[PDB]
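Engineer:
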Amino acid sequence: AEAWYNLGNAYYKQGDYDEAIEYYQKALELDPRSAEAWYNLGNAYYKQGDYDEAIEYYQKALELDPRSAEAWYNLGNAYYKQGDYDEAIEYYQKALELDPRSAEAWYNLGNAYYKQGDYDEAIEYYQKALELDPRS
Ligand SMILES: [Gd]
Ligand SMILES: [Gd]
Ligand SMILES: [Gd]
């Protein structure tokens, strides 16, 4: 499994997402235990724009390891990209409960409320983002 996985990683690193998907899937057929491997498969589908696949593989990563702030955040991003703002808010909130440090993540939670037309919360979360990073 480990060898196929590293081949997928090398393809991913040069931007070849369809090859990374082929080799990650071969790795996961031989050993499905690693949360991080499912997460990297989700990321490959996300980069290709196949967001429903990204969601399925992020959810599989989180089933195996629910303490990944990064996995919740990327799950939120995949829902955001489908126009599923209610789900994006839920998963962004779960990510920020595990790790409140990223200005960028608060900002995106603000963006999801803005897209729902809930401007109060958009302002609450934009203000949290700008306290952490006023540069944009
Ligand atoms: Gd390719
Ligand atoms: Gd596609
Ligand atoms: Gd799909």
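With the working numbering, the residue at position 40 of the sequence shown is 45, and numbering never jumps.
For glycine and all other residues, C-beta sits at the position ideal for the given N, C-alpha and C.
Assign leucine 33 to one of two classes, buried (16 or more other C-beta atoms within 10 Å of its C-beta) or exposed (fewer than that).
Structural biologist: buried
Engineer: Considering only the alpha carbon of each residue, which of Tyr10, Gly54, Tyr17, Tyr44 lies closest to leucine 35?
Structural biologist: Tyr10
Engineer: Using the Cα positions of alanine 25 and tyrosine 16, report the straight-line distance between them to the nearest angstrom.
Structural biologist: 5 angstroms
Engineer: Between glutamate 58 and ligand 3, is there a pair consisting of the residue's CB and a ligand heavy atom that are separated by less than 8 angstroms?
Structural biologist: Checking every heavy atom of ligand 3 against the Cβ of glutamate 58, one is found closer than 8 angstroms.
Engineer: For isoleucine 94, count neighbouring C-beta atoms within 10 Å of its own C-beta (all shown protein chains included) and say buried if the count is 16 or more, exposed if not.
Structural biologist: buried
Engineer: Which residues count as close to ligand 1 when the rule is a CB under 7 angstroms from any of its heavy atoms, in chain order?
Structural biologist: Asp21, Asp23, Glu24
Engineer: If I'm right that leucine 114 touches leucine 101 with Cβ under 8 angstroms, what's the distance once you round it to whole angstroms?
Structural biologist: 7 angstroms
Engineer: Between the alpha carbons of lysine 65 and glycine 88, how many angstroms are there, rounded?
Structural biologist: 21 angstroms
Engineer: For the alpha helix (DSSP H) containing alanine 32, list its first residue and its last residue.
Structural biologist: 22–35
Engineer: Which residue's Cα is closest to the Cα of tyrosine 118: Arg38, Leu103, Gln98?
Structural biologist: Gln98
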